[PDB]
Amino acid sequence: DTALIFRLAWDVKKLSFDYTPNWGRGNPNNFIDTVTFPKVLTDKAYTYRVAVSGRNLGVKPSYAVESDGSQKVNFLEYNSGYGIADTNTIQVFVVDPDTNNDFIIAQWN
């Protein structure tokens, strides 16, 4: 990670993020409805792909970043207005709009 940080320090100079996954439970509470990141990058129109137990649910338009700098991924938009049972594995991948490559950014189970 130290080598990665300093590669990035040379390349981009300035970087600040918080991608700590904050999982939102629904009602009933055994459902995972959302994941929220406290401080996302905003230089590109990043999108999120969701996989549930290894199955692609695909990509949906991104929620606007809030004033506090946070961004929410709502699994209800990916799953027909329902959240995901917490016994499942849930993966969120952030998509680079320049390449269409995606990178793991949140995993439940």
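All residue numbers refer to positions in the sequence shown, first residue = 1.
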Stretch with the greater mean C-alpha B-factor as recorded in the entry, comparing 64 to 72 against 39 to 47: 39 to 47
Test of reading the entry: by CA B factor among the chain's modelled residues, which third contains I104? lowest
Taking the chain's C-alpha temperature factors as the reference, tell me which third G54 falls into: lowest, middle or highest. lowest
Position of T34 among the chain's modelled residues by C-alpha B-factor, lowest, middle or highest third: lowest
